[PDB]
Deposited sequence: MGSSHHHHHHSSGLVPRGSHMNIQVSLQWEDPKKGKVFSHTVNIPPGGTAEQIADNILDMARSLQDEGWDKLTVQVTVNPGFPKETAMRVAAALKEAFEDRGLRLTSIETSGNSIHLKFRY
């Protein structure tokens, strides 16, 4: 293991949370959208979900984790607008 997942919600307001290890990509995505629904009503295009997989190695394992998170968030309406694999981590950006 030794691979952390970090999610930051931006809507100017920014909320970053370290994901506890053990959950699945669907459980992580469901928990994040529930936190975003705490600031409900107004908040869709302005909402930016950024996920970070630390560290970025092994690249094959970290890319699979990023792909699974991409599957969960895009099945929930969000769209992957950015992906960067530099800086000892993989950084994803989702928007509604």
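Missing from the model, by position in the deposited sequence, are residues 1-18, 30-36.
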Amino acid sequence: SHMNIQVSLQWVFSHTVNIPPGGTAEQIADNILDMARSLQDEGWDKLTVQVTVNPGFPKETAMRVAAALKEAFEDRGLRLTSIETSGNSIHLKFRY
From here on, numbers count along this sequence of modelled residues.
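In this entry, 25-33 has the higher mean Cα B-factor, the comparison being between 25-33 and 63-71. Checked against the record, the higher mean CA B factor of 35-43 and 50-58 lies with 35-43. Among the modelled residues of its chain, residue 6 has a C-alpha B-factor that falls in the lowest third, as given in the PDB entry. Residue 81 sits in the middle third of its chain by CA B factor, as recorded in the PDB entry. Placement of the Cα temperature factor of residue 17 within the chain: lowest third of the modelled residues, per the deposited record.
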